[PDB]
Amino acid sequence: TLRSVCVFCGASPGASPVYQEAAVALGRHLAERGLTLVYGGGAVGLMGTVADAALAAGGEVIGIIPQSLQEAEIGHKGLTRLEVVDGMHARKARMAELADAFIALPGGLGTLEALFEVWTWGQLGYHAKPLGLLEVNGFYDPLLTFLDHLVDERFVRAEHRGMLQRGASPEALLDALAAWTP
């Protein structure tokens, strides 16, 4: 059973409206499903959008933010809870402690570093929580091509690759995450 889902997403909104539409769909879907949203606690970009959609639909939202970037990404004032921690490592360790699964929406280097960090923690045996990509147009196509290449070239085992699910529908991706097994 999933009870809460951690979402990583851009602090920018992105160059076209499709990104915000995907964030809205996902926030709304999490709430409708009974799941708590865990996220970086910002009000900027897709972070703000996914929290707002979760809240508009009645969902619980917990934001996790380092002290050092409260003003930069604008700590969201209308969350169920906003947890302010000591630094970047603490933030990711806490989001993981509260989540049953992880979803990456489109984002930048921060979204990607979070995804990869948490993926390695599964690789190293610290958790067995599944990760997912919410696909928006062909945003992630070249990343998936690259990750599959890592398995062909034998830098990543198949079972480690298989921790990352993917879907363009929030419902179908959440189903894949809820059913996935080590």
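From 1 onward, residues are counted along the sequence shown.
Across the two stretches, 64-72 and 142-150, the PDB entry reports the greater mean Cα temperature factor for 64-72. For the pair 94-102 and 81-89, the record assigns the higher mean C-alpha temperature factor to 81-89. Considering 120, 137, 36, 49 together, the PDB entry gives 137 the largest C-alpha B factor. By the numbers in the PDB entry, the CA B factor is greatest at 168 among 168, 164, 25, 18. For residue 7, the recorded CA B-factor ranks within the lowest third of the chain. Only modelled residues enter the ranking. Residue 45: CA B factor in the middle third of modelled residues in this chain (values from the PDB entry).
When all modelled residues of the chain are sorted by CA temperature factor, residue 132 is found within the lowest third. In the deposited entry, the Cα temperature factor of residue 115 places it in the lowest third of its chain's modelled residues.
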